[PDB]
Amino acid sequence: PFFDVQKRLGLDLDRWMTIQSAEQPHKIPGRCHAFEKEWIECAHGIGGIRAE
Amino acid sequence: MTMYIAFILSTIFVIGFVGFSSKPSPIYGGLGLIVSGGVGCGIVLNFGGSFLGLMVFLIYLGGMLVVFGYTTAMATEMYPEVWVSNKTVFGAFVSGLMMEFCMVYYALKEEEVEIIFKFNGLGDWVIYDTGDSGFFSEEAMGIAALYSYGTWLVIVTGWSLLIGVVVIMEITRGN
Amino acid sequence: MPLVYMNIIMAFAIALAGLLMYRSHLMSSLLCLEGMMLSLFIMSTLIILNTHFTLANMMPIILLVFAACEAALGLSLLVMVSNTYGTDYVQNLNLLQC
Amino acid sequence: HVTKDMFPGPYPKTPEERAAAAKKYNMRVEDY
Amino acid sequence: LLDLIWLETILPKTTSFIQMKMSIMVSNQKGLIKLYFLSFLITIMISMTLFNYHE
Amino acid sequence: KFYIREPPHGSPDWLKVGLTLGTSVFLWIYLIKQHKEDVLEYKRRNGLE
Amino acid sequence: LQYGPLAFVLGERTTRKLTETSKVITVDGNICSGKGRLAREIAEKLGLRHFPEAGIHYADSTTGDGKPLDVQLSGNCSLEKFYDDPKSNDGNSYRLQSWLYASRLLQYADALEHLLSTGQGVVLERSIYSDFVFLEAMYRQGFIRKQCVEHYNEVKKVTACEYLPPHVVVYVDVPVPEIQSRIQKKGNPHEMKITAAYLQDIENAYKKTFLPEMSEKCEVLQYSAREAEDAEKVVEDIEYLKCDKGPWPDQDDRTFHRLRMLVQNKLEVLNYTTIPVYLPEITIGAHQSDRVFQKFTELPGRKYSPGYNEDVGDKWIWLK
Amino acid sequence: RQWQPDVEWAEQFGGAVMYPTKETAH
Amino acid sequence: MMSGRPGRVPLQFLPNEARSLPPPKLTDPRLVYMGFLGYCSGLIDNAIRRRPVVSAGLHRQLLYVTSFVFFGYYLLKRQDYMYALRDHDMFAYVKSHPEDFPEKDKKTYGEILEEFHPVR
Amino acid sequence: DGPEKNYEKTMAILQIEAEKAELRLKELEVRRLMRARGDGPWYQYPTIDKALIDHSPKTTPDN
Amino acid sequence: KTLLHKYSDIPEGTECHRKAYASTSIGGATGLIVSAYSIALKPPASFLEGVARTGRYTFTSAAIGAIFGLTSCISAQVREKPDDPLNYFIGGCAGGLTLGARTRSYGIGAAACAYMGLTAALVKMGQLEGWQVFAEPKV
Amino acid sequence: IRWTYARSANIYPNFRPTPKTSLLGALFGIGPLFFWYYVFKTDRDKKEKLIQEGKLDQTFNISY
Amino acid sequence: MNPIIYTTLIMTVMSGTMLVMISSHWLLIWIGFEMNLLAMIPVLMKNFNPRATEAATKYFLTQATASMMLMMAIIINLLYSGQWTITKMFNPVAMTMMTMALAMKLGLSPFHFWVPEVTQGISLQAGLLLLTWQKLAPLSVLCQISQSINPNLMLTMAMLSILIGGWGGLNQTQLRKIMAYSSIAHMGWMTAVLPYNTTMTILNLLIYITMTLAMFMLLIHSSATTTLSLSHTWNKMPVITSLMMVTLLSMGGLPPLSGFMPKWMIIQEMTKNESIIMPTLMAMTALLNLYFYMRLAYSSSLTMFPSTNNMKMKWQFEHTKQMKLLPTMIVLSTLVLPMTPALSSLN
Ligand SMILES: CCCCCCCCCCCCCCCCCC(=O)OC[C@H](COP(=O)(O)OCCN)OC(=O)CCCCCCCCCCCCCCCCC
Ligand SMILES: CCCCCCCCCCCCCCCCCC(=O)OC[C@H](COP(=O)(O)OCCN)OC(=O)CCCCCCCCCCCCCCCCC
Ligand SMILES: Nc1nc2c(ncn2[C@@H]2O[C@H](COP(=O)(O)OP(=O)(O)OP(=O)(O)O)[C@@H](O)[C@H]2O)c(=O)[nH]1
């Protein structure tokens, strides 16, 4: 965000739902849990330009 | 037929939208819109969205559009502007029945319709996913998370609704 | 991409045109506006139900309850216009001009 | 003092303002 | 001929005339949303497709 | 005297003004000590003293 | 403090203070008709705040010591001068009327401000709604040019629309031959030469215009001279109304809070009076206006904001 | 004294638009 | 651009490691100009309220100088931080990328053929 | 004062300006370079943290 | 920008008919856009004169587009100088003169002659040198 | 004051662009400017020609 | 409207904008935009005049349409990527889709047609809120998603913003319409640099914030809405007209005044990005703003327009307003050029 208050004080407001491989009710998966988990861990700590 | 049943419901959805978008009488536009509102629920129902499908019936068919009829009963332009009243509305209605008839035929023949996006005209049933949901309805568990994880949305949605009632009376109070 | 998704997307686009292509009844304009969101509400359900984005089943209601809020504003402005002017015409709703 | 209308203006096309312009230069129309 | 007529007309007055001639027609609007929203529909239509902004 | 009524600022608002000196001397005494503590900590961190 | 938004939030309302002695009664009538005498008697017998007729220096009365400032410094017009040459080329007539309209408009605000801040009714002479009877009179004989009417009206809607009408209006009905009777006993040579036509032209505009159209929004009781002197009769008549028509028996604390906002701001109440439409009688050129403003500024007390002028004795300037 | 604006200058800046036309005349 | 550098904790006006820089000296010319701004507000503050400008409410404009100076001072440390930060990771990059920064050859002006244009 | 003051002082002026001049030219090059490649400290456009990944076993083995 | 690409593909002062066709297409499309806007913001009270309004605007813009198409190309053909900016300048002024003919006023035609001719030189200046108006983010 | 006004300000408001005014403006405008350009250009186009091939003498010309 | 109700309505509007700037989820971004809209209309309705009703109706229709159109950009990005995070999105049509959706909220392109008219209808205080605070929320999204924007599409929208925004300003009598046309012109300056470097897009924002607070609250203090009404203010309070002409010159961008700082830095950035024709044309159109800026300055304080005898009462009384933060506003809005290198703090 423009002002990442969530990161500063560490209260999760929306990011619990921003992607489908996060915690889900009753631990049931999305359609592409396997793929997006792979993409997410591929593009972590890399940067938007390089991860493209 | 039942091969492309969701092809059908999507089609009345388009013609229902062309109805009120053609700017007919606000009640008639409401009639065309609720027809689209009715058929759209079936599209969601066919995907298993029973709870979401039933809501639009409740709060959009029996909800918003009911109070819309009040303003139509309040507006009451001196003559009905039903489809026969004007000729542009016929032209708007007639036109809106062509291109969607054109591209379905375009999509039914070779399926390579490239309007804005690339789009496949294959049967509606394909994109469905195979897998049991056990005993928990996926739609129900998703919505019930409103009070488990959707805490933040609940506050903001509630607060805006509270502000929703403060504004409405204030603008309508007429000083 | 499945043929149905065209039908909602084109439904929005023609609903979008009706919202912008005016006539003489902004009451009819509001109908295209709420029809506009109905396609948005409808389409959003398809992807979310299709992709099993379980926690994302949230927003079809959230989008509904907020799009419905604009009806409260829009219809309230309707009667406000229909009180200083009596009617819901749009050509007469040009007192600003300069 | 000269306010505005003794200040020179545009060409006098027709004789009416030709007469006015002649008076503006304190001279008759036969010599203006 | 030059200092008080032409040199003041070529650069300064022509730009001043052009600005005024195109200040009025921009500001001369009708106040009716039907035309304004029609202009928006053109803008959405042309921007999305015609100038290849999407591709 | 001239105006028949005591105008709102016609009297010294003692509670408000005394606050203004109070915050300013606070604002200053914070600054000098903040400048002081920043100095030797920078000196200590960067070697020096 | 004042009625600032903090005050209203913390509990300062308006409906608590006001009571049945909260009215905007106006005693009014023709020239020299003794309306001011009757207005005082109503004020004394009702415990009701009185407001004398707003003159040229009424604004001067409110500000500073209340001493009437110079006509050049305040008014650029004299009623006695208007008496001498009603159709003077300098525009003394319209300048008199427009300044008078502003003075009573300020007076109307002062009445409302005191009423809303105390709950005590206000009685004033010749409310701004009745001020048109003079301009109509000054228009019939051509004492002012026709255009003065539209400007005076243009100020009237942009100002008098917000100020709501009185509760009950007291009218001292006095016929012109009677008006032609007392003004000799007054003695001031300027008011002898008032035309019987002017006393006539105020009367019918008073009769056929002021009373009837304004009657639908407040009680109107007509008294001739005998019922004007009978203070006992008129005062119980004033007490014997329900006062239903008019906006006053409809508003709540919300409007009164907003109403006291506009009235308390003394610049706002007459802000639209200085309307930028230009006419010869009221417009003053830059050089004359600037020089007078310097003359106004160099006066004591007015050099700075109130409570900030060292010349009059504002101590602690360095601390205020 | 130096020239100062008058009703001629003021009315030049007064109205709906200082650059008027037949369309803006009304 | 430093919008997503590794370690930027959000909503942190002055990160802790910025303390390793020489703090702005109490009479830094930039700082006194910040104090000027506080004073310049004070004079006009009495002007709008129609007070004896310079000698009017010594308390009022005195607070203005204090407020502007402190808010200036912390701004200057933060300003000095980014410029130090901008130069720091700059230098760390060029050593990490020697191939993209060749050392240009050392030729004196004697061997350089710079053509000459007469003025005539 | 002596010309030595102006001579040495102007030499320092040239030294300061030269280092400033070459740094700006380097700054524009680096800014261009690391914007494109992206393997630099700044210009790191935001991504999604791998922490927000549910590794607990799901109700379906194919995950 | 395929429609614009047509003009760039044809070498300067070569296949003048193609350049004229490419140029007039640019003018026709540009005239259509402004005409559609003018219909929108300014209501064409009757439909038929609405087609008259867009007809005038398109016919004009095509004329400037067409005339600039020949004059630029034939001048490069005649003088065997494709890189010369003057090729567009005369064409630019030629286009401006056509505008004066459509509006029937020498003053507007003269003004359009100078401005359009100057811009016509400048755009050719950019094409030769490599000027970019909408430069991509570089730093 | 009429004479000063007519000779200072009351020119452009009464000016109308006509072929007589237009041609005279061009003739007295760009005309002399381009004429001098050609004269100075060819003179300089002869001067540098002479010195370039060493056909001119500036033996004692130093303070140019 | 009850002050407590008014305070809450402003409180939600501020929070709604605050919500947009602090949300990492696209849905919440929309939530902030709509609930900010949901409370913007009643503030415009505070005066409740038929002109205001026309203004509020115009404002709601365009803002609701833009916000509703914004949803598809989220939905289409969702459809092609399944990502609710507000980052570099993954669809040129969706990227195009939102860019005009947000532009209509800001009013840069022909979309800008609502900006002048709504300001004319509604009160001076409401116009101050609409033209200053209600521009942070749409800008916040653009700053975050700047890396995904098509350079050609955004630069154009910025161009017509300064182009038309400055051009029509020459033909405005009412000061409210002048301010809005100035706002549209200033909108282009920040938006033009937005794809290149977002740091001085913000720098332009706070600076452009400063004059508009300075000008509008000066205008409120003047209690004048027309050029002629503003002209008469020299007689009452000549000093205020003096500061306004400083800000008028400053907002025009003449050095060393503050308003030159944004434009100077903007030209510097795109010059670094090899775009050198683009900055030049905007600078040329910058004088267009300066013209009616001068015209107002000529009418306000540089000359001395005629006054009315009824102004004499205004001399006797005094202003009751407190014009909070006005003293520091103009000083921070006219002489801050020497403190330019402080922009690195924004970075
Ligand atoms: C090298 C490749 C290209 C080769 C070909 C050359 C370029 C294309 C052709 C020339 C285009 C520019 C010339 C102008 C074309 C549009 C003319 C037009 O719209 O005329 C109508 C009108 C003017 O007349 P008006 O003021 O309305 O008065 C009569 C009223 N009854 O208009 C108006 O009233 C409104 C004002 C004019 C319209 C707005 C500006 C239009 C031009 C913008 C730039 C276009 C650039 C095109 C080329 C580059 C991009 C591809
Ligand atoms: C960058 C370029 C310049 C930009 C800014 C330009 C601004 C002016 C441009 C022209 C403006 C239009 C023409 C003139 C308009 C005048 C407006 C006005 O109100 O004028 C009359 C008014 C009368 O003065 P008054 O308000 O009574 O206050 C007197 C002082 N008490 O006069 C006033 O109200 C003016 C009051 C001025 C008070 C000045 C106080 C100075 C104090 C200096 C203190 C110095 C301390 C030094 C300490 C040294 C050791 C540290
Ligand atoms: N134009 C104008 N003249 C007014 C107004 N009020 C009073 N006058 C003039 O004031 C002069 C004397 O005041 P009057 O009230 O008429 O007579 P009076 O002798 O004071 O006695 P009363 O009527 O009892 O107050 C007359 O010339 C009136 O026309 C007003 O509102 N407008």
# chains A, B, ... in the order shown; residues from 1 in each chain; ligands from 1

$ residues_around --residues "residue M:77" --least-positions-apart "3" --cutoff "12 Å" --atoms "only C-alpha atoms" --output "short mmCIF file (atom, residue, chain, number, x, y, z; two decimals) with N, CA and C atoms, in the first residue's frame"
data_model
loop_
_atom_site.label_atom_id
_atom_site.label_comp_id
_atom_site.auth_asym_id
_atom_site.auth_seq_id
_atom_site.Cartn_x
_atom_site.Cartn_y
_atom_site.Cartn_z
N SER C 44 -18.24 -11.74 -11.13
CA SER C 44 -17.34 -12.01 -10.01
C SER C 44 -17.63 -13.37 -9.39
N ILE C 47 -15.92 -16.45 -11.60
CA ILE C 47 -14.50 -16.75 -11.40
C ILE C 47 -14.28 -17.34 -10.02
N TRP M 26 -7.29 -5.07 -3.46
CA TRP M 26 -8.00 -4.25 -4.43
C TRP M 26 -9.43 -3.95 -3.99
N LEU M 70 -14.23 1.05 -12.27
CA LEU M 70 -13.00 0.59 -11.64
C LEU M 70 -13.10 -0.89 -11.28
N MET M 71 -14.30 -1.36 -10.91
CA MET M 71 -14.46 -2.76 -10.52
C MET M 71 -14.04 -3.73 -11.61
N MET M 72 -14.42 -3.46 -12.86
CA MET M 72 -14.01 -4.38 -13.92
C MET M 72 -12.50 -4.48 -14.03
N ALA M 73 -11.79 -3.36 -13.90
CA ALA M 73 -10.34 -3.42 -13.93
C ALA M 73 -9.82 -4.37 -12.86
N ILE M 74 -10.44 -4.35 -11.68
CA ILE M 74 -10.10 -5.32 -10.66
C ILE M 74 -10.55 -6.72 -11.08
N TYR M 80 -7.67 -12.79 -15.11
CA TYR M 80 -6.47 -13.19 -15.82
C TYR M 80 -5.30 -13.50 -14.90
N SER M 81 -5.38 -13.14 -13.62
CA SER M 81 -4.27 -13.39 -12.71
C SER M 81 -4.66 -13.96 -11.35
N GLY M 82 -5.89 -13.78 -10.88
CA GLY M 82 -6.25 -14.27 -9.56
C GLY M 82 -5.45 -13.64 -8.45
N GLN M 83 -5.23 -12.33 -8.53
CA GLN M 83 -4.46 -11.59 -7.53
C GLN M 83 -5.24 -10.36 -7.11
N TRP M 84 -5.60 -10.29 -5.83
CA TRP M 84 -6.22 -9.10 -5.28
C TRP M 84 -5.22 -8.08 -4.78
N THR M 85 -3.94 -8.41 -4.75
CA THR M 85 -2.94 -7.48 -4.27
C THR M 85 -2.79 -6.32 -5.24
N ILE M 86 -2.68 -5.11 -4.70
CA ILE M 86 -2.53 -3.91 -5.53
C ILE M 86 -1.06 -3.81 -5.90
N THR M 87 -0.73 -4.26 -7.10
CA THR M 87 0.65 -4.29 -7.58
C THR M 87 0.62 -4.06 -9.08
N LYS M 88 1.74 -4.35 -9.74
CA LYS M 88 1.79 -4.30 -11.19
C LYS M 88 0.83 -5.33 -11.77
N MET M 89 -0.27 -4.86 -12.35
CA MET M 89 -1.29 -5.78 -12.82
C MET M 89 -0.89 -6.38 -14.17
N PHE M 90 -1.65 -7.39 -14.59
CA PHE M 90 -1.21 -8.32 -15.62
C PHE M 90 -2.16 -8.36 -16.81
N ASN M 91 -2.73 -7.23 -17.19
CA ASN M 91 -3.56 -7.20 -18.38
C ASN M 91 -3.58 -5.81 -19.00
N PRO M 92 -3.10 -5.66 -20.23
CA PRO M 92 -3.13 -4.33 -20.86
C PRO M 92 -4.51 -3.72 -20.94
N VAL M 93 -5.54 -4.53 -21.21
CA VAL M 93 -6.90 -4.00 -21.25
C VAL M 93 -7.36 -3.58 -19.86
N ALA M 94 -7.04 -4.39 -18.85
CA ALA M 94 -7.34 -3.99 -17.48
C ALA M 94 -6.54 -2.77 -17.06
N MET M 95 -5.25 -2.73 -17.41
CA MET M 95 -4.45 -1.54 -17.12
C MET M 95 -5.04 -0.32 -17.80
N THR M 96 -5.40 -0.45 -19.07
CA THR M 96 -6.10 0.63 -19.75
C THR M 96 -7.42 0.93 -19.06
N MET M 97 -8.14 -0.12 -18.66
CA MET M 97 -9.49 0.05 -18.11
C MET M 97 -9.48 0.98 -16.90
N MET M 98 -8.61 0.71 -15.92
CA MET M 98 -8.62 1.51 -14.70
C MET M 98 -8.07 2.90 -14.92
#

$ residues_near_ligand --ligand "ligand 3" --cutoff "9 Å" --atoms "only C-alpha atoms and all ligand atoms" --output "MDAnalysis selection string"
chainID G and resid 28:39 52:55 79:80 82:83 93:94 96:101 103:104 125:128 130:135 137:138 182:183 186 190:191 194 198:199 202

$ residues_around --residues "residue B:4" --least-positions-apart "6" --cutoff "10 Å" --atoms "only C-alpha atoms" --output "MDAnalysis selection string"
chainID B and resid 122:125

$ atom_distance --atom1 "atom CA of residue J:46" --atom2 "atom CA of residue A:9"
18.7 Å

$ residues_near_ligand --ligand "ligand 1" --cutoff "7 Å" --atoms "only C-alpha atoms and all ligand atoms" --output "mmCIF file with N, CA, C and O atoms, in the first residue's frame"
data_model
loop_
_atom_site.group_PDB
_atom_site.id
_atom_site.type_symbol
_atom_site.label_atom_id
_atom_site.label_comp_id
_atom_site.auth_asym_id
_atom_site.auth_seq_id
_atom_site.Cartn_x
_atom_site.Cartn_y
_atom_site.Cartn_z
ATOM 1 N N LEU K 4 -1.018 4.605 -38.960
ATOM 2 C CA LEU K 4 0.125 5.506 -39.021
ATOM 3 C C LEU K 4 1.349 4.812 -39.603
ATOM 4 O O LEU K 4 2.158 5.451 -40.286
ATOM 5 N N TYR K 7 2.188 5.260 -43.468
ATOM 6 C CA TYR K 7 2.960 6.401 -43.945
ATOM 7 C C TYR K 7 4.456 6.175 -43.760
ATOM 8 O O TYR K 7 5.255 6.498 -44.646
ATOM 9 N N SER K 23 -1.593 9.258 -46.279
ATOM 10 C CA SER K 23 -1.760 10.559 -45.642
ATOM 11 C C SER K 23 -3.231 10.935 -45.515
ATOM 12 O O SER K 23 -3.667 11.407 -44.459
ATOM 13 N N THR K 24 -4.011 10.738 -46.579
ATOM 14 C CA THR K 24 -5.420 11.112 -46.522
ATOM 15 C C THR K 24 -6.197 10.228 -45.557
ATOM 16 O O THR K 24 -7.197 10.671 -44.982
ATOM 17 N N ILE K 26 -4.954 9.176 -42.693
ATOM 18 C CA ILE K 26 -4.674 9.796 -41.402
ATOM 19 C C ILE K 26 -5.569 11.012 -41.199
ATOM 20 O O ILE K 26 -6.151 11.207 -40.126
ATOM 21 N N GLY K 27 -5.692 11.844 -42.232
ATOM 22 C CA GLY K 27 -6.550 13.011 -42.128
ATOM 23 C C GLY K 27 -8.013 12.649 -41.969
ATOM 24 O O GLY K 27 -8.729 13.253 -41.167
ATOM 25 N N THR K 30 -8.622 11.395 -38.450
ATOM 26 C CA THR K 30 -8.527 12.517 -37.525
ATOM 27 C C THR K 30 -9.742 13.428 -37.640
ATOM 28 O O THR K 30 -10.275 13.897 -36.627
ATOM 29 N N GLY K 31 -10.195 13.690 -38.867
ATOM 30 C CA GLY K 31 -11.399 14.484 -39.040
ATOM 31 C C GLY K 31 -12.629 13.804 -38.473
ATOM 32 O O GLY K 31 -13.521 14.462 -37.935
ATOM 33 N N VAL K 34 -12.626 14.287 -34.475
ATOM 34 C CA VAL K 34 -13.023 15.617 -34.024
ATOM 35 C C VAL K 34 -14.480 15.892 -34.378
ATOM 36 O O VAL K 34 -15.211 16.526 -33.607
ATOM 37 N N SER K 35 -14.931 15.416 -35.541
ATOM 38 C CA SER K 35 -16.326 15.603 -35.922
ATOM 39 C C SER K 35 -17.262 14.883 -34.963
ATOM 40 O O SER K 35 -18.297 15.432 -34.567
ATOM 41 N N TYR K 57 -16.085 18.498 -41.695
ATOM 42 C CA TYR K 57 -14.857 18.304 -40.931
ATOM 43 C C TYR K 57 -13.987 17.222 -41.558
ATOM 44 O O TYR K 57 -12.769 17.386 -41.692
ATOM 45 N N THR K 60 -12.513 18.473 -44.954
ATOM 46 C CA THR K 60 -11.375 19.353 -44.717
ATOM 47 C C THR K 60 -10.139 18.553 -44.332
ATOM 48 O O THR K 60 -9.130 18.568 -45.044
ATOM 49 N N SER K 61 -10.217 17.814 -43.221
ATOM 50 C CA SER K 61 -9.044 17.113 -42.704
ATOM 51 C C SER K 61 -8.448 16.176 -43.744
ATOM 52 O O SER K 61 -7.225 16.018 -43.820
ATOM 53 N N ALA K 62 -9.296 15.539 -44.552
ATOM 54 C CA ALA K 62 -8.785 14.722 -45.646
ATOM 55 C C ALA K 62 -8.020 15.573 -46.651
ATOM 56 O O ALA K 62 -6.973 15.156 -47.157
ATOM 57 N N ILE K 64 -6.346 18.468 -46.215
ATOM 58 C CA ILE K 64 -5.019 18.773 -45.682
ATOM 59 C C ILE K 64 -4.155 17.521 -45.684
ATOM 60 O O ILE K 64 -2.981 17.554 -46.071
ATOM 61 N N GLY K 65 -4.726 16.396 -45.251
ATOM 62 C CA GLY K 65 -3.979 15.150 -45.277
ATOM 63 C C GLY K 65 -3.548 14.768 -46.678
ATOM 64 O O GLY K 65 -2.394 14.403 -46.909
ATOM 65 N N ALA K 66 -4.471 14.859 -47.637
ATOM 66 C CA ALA K 66 -4.137 14.506 -49.012
ATOM 67 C C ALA K 66 -3.092 15.454 -49.585
ATOM 68 O O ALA K 66 -2.046 15.017 -50.075
ATOM 69 N N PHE K 68 -0.954 17.480 -48.242
ATOM 70 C CA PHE K 68 0.355 17.269 -47.639
ATOM 71 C C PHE K 68 0.978 15.972 -48.138
ATOM 72 O O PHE K 68 2.206 15.841 -48.184
ATOM 73 N N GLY K 69 0.143 15.001 -48.514
ATOM 74 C CA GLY K 69 0.671 13.744 -49.018
ATOM 75 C C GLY K 69 1.438 13.910 -50.316
ATOM 76 O O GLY K 69 2.572 13.445 -50.444
ATOM 77 N N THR K 103 -12.222 27.229 -45.276
ATOM 78 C CA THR K 103 -12.861 28.255 -44.464
ATOM 79 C C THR K 103 -13.073 29.561 -45.217
ATOM 80 O O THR K 103 -13.759 30.449 -44.699
#

$ residues_near_ligand --ligand "ligand 2" --cutoff "8 Å" --atoms "only C-alpha atoms and all ligand atoms" --output "list in words"
residues 297, 303 and 304 of chain G; 43, 44, 47, 50, 51, 52, 53 and 54 of chain I; 234, 237, 238, 239, 240, 241, 242, 243, 245, 246, 256, 257, 301, 302 and 303 of chain M

$ residues_around --residues "stretch 19-25 of chain E" --least-positions-apart "6" --cutoff "7 Å" --atoms "only C-alpha atoms" --output "MDAnalysis selection string"
(chainID H and resid 19) or (chainID M and resid 167:168 170:171)

$ write_last_selection --atoms "N, CA and C atoms" --output "compact mmCIF listing (two decimals), in the first residue's frame"
# COMPACT_ATOMS: atom_id res chain seq x y z
N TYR H 19 -14.87 37.14 -22.59
CA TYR H 19 -14.77 36.88 -24.02
C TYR H 19 -16.12 36.39 -24.52
N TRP M 167 -6.48 26.28 -21.02
CA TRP M 167 -6.99 27.05 -22.15
C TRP M 167 -8.32 27.71 -21.82
N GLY M 168 -9.25 26.96 -21.24
CA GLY M 168 -10.54 27.54 -20.91
C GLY M 168 -10.50 28.51 -19.76
N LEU M 170 -8.95 31.19 -19.42
CA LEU M 170 -8.98 32.57 -19.85
C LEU M 170 -10.39 33.14 -19.92
N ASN M 171 -11.41 32.29 -19.96
CA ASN M 171 -12.78 32.70 -20.18
C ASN M 171 -13.68 32.42 -18.97

$ interface_residues --of "chain E" --to "chain C" --cutoff "9 Å" --atoms "only C-alpha atoms" --output "PyMOL selection string"
chain E and resi 27-41

$ interface_residues --of "chain B" --to "chain J" --cutoff "10 Å" --atoms "only C-alpha atoms" --output "mmCIF file with C-alpha atoms, in the first residue's frame"
data_model
loop_
_atom_site.group_PDB
_atom_site.id
_atom_site.type_symbol
_atom_site.label_atom_id
_atom_site.label_comp_id
_atom_site.auth_asym_id
_atom_site.auth_seq_id
_atom_site.Cartn_x
_atom_site.Cartn_y
_atom_site.Cartn_z
ATOM 1 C CA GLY B 131 -13.583 -32.928 -7.107
ATOM 2 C CA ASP B 132 -15.774 -33.644 -4.103
ATOM 3 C CA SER B 133 -16.530 -30.923 -1.566
ATOM 4 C CA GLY B 134 -17.088 -33.452 1.219
#

$ closest_atom_pairs --of "chain A" --to "chain B" --cutoff "8 Å" --atoms "only C-alpha atoms" --output "JSON lines"
{"residue": "A:13", "atom": "CA", "partner": "B:152", "partner_atom": "CA", "distance": 5.7}
{"residue": "A:14", "atom": "CA", "partner": "B:152", "partner_atom": "CA", "distance": 7.4}
{"residue": "A:16", "atom": "CA", "partner": "B:149", "partner_atom": "CA", "distance": 7.6}
{"residue": "A:25", "atom": "CA", "partner": "B:141", "partner_atom": "CA", "distance": 6.6}
{"residue": "A:26", "atom": "CA", "partner": "B:141", "partner_atom": "CA", "distance": 7.9}
{"residue": "A:31", "atom": "CA", "partner": "B:129", "partner_atom": "CA", "distance": 7.7}

$ write_last_selection --atoms "C-alpha atoms" --output "compact mmCIF listing (two decimals), in the first residue's frame"
# COMPACT_ATOMS: atom_id res chain seq x y z
CA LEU A 13 -6.48 -6.60 7.73
CA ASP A 14 -6.80 -7.81 4.14
CA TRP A 16 -5.37 -13.03 4.56
CA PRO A 25 -11.56 -22.13 5.94
CA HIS A 26 -11.55 -25.83 6.86
CA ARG A 31 -8.24 -24.69 -7.94

$ closest_atom_pairs --of "chain J" --to "chain K" --cutoff "9 Å" --atoms "only C-alpha atoms" --output "CSV"
residue,atom,partner,partner_atom,distance
J:28,CA,K:139,CA,6.8
J:29,CA,K:139,CA,8.1
J:30,CA,K:139,CA,8.5
J:31,CA,K:139,CA,5.3
J:32,CA,K:139,CA,4.4
J:33,CA,K:139,CA,8.0
J:34,CA,K:139,CA,8.8
J:35,CA,K:139,CA,6.6
J:36,CA,K:138,CA,8.1

$ atom_distance --atom1 "atom CA of residue B:69" --atom2 "atom CA of residue M:64"
21.3 Å

$ residues_around --residues "residue A:48" --least-positions-apart "3" --cutoff "8 Å" --atoms "only C-alpha atoms" --output "MDAnalysis selection string"
(chainID A and resid 43 51:52) or (chainID J and resid 44:47) or (chainID M and resid 88)

$ select_by_dssp --residues "chain A" --states "alpha helix (DSSP H)" --output "JSON, numbers by chain"
{"A": [5, 6, 7, 8, 9, 33, 34, 35, 36, 37, 38, 39, 40, 41, 42, 48, 49, 50, 51]}

$ interface_residues --of "chain L" --to "chain E" --cutoff "10 Å" --atoms "only C-alpha atoms" --output "MDAnalysis selection string"
chainID L and resid 7:17 21:22 24:26 28:29

$ closest_residue --among "M:45, M:192, M:297, M:143" --to "chain J" --atoms "only C-alpha atoms"
M:143

$ residues_around --residues "residue D:29" --least-positions-apart "4" --cutoff "8 Å" --atoms "only C-alpha atoms" --output "PyMOL selection string"
chain D and resi 18-19+22-23

$ interface_residues --of "chain E" --to "chain B" --cutoff "12 Å" --atoms "only C-alpha atoms" --output "PyMOL selection string"
chain E and resi 45+48-50+52-55
